[PDB]
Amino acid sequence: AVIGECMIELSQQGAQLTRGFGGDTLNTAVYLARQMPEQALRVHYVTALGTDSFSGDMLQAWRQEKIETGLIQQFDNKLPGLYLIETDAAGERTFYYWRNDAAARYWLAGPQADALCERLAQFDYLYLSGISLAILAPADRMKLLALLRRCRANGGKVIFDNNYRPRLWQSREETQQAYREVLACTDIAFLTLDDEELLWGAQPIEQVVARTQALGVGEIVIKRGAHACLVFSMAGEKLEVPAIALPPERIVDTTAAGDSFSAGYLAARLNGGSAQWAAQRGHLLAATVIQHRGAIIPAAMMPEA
């Protein structure tokens, strides 16, 4: 289960702009589903959307991506969040967001939530990002943490990605408390080095691993972009897996690289692959994604798994 939020995405180049959908948790869920045939549990997305046409378009696209919509609550009064991407003459990307009252924020506020909680309590594996925690209000955040703990009690494994966007959080300290809270309830953590250092300050890799493990995390994955990835295993293995080198000519606009790595590593890792091999799979997926336009690149250009 991927807990999180998708948004309506508007891409404007010059005077021509187009409509679509995008979100970090959705990028991970779609990319995971793309390379995954089947496994112990295949339920993917736990967002909330509106009853409007745009939500239905998103849901149909997600079903075409082999994503179940069973747990997506629909609010008549609420409407989905919307963001815009702008590209300057140089090609730089600027992002604007309108998600303060998005439907996904109230997914734990729904009347049916308790039912889904119990259902989600028995789920095999759940994935969430720092954005997912951020959008939730503090009371809703406590509810989500309790559900995560119950999922641990029923044998479930929690996956957390530390996508850190300061805007969503009231303060740095609030982010620190919430991150510690979820990592306390977390079993596997995907940590991007830039986000980690931005949140806690620059530190050696060892103090980072110590801080996260003291909370109780079993497996720690550190993403370093173009630099070698760092995996600390469930057993205790410590390995450094290089990313595939890419010439500057082929580097193109890609806002989904890290999410794609989270999905690709996880797709191989949950399919019996080794940690080194899963990191390799994620690196190839990320490189292919960074060579093509768009957050969700076409299925044709995807790496054959």
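Residue indices: 1-based, along the sequence shown.
Higher mean CA temperature factor, per the PDB entry, when comparing 152-160 with 224-232: 152-160.
For the segment pair 162-170 and 140-148, the entry gives 140-148 the higher mean B-factor, averaged over Cα atoms. Of the candidates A89, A189, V208, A134, it is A89 whose Cα B-factor is highest according to the PDB record. For the set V252, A268, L32, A257, the PDB entry puts the maximum C-alpha B factor at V252. Sort the chain's modelled residues by C-alpha temperature factor and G282 lands in the middle third, per the entry.
Annotation for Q177: C-alpha temperature factor in the middle third relative to the rest of the modelled chain, per the entry. Among the modelled residues of its chain, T288 has a C-alpha B-factor that falls in the middle third according to the deposited record. Per the deposited record, the Cα B-factor of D114 falls in the highest third when ranked against the other modelled residues of its chain.
Among all modelled residues in its chain, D195 ranks in the lowest third by Cα B-factor.
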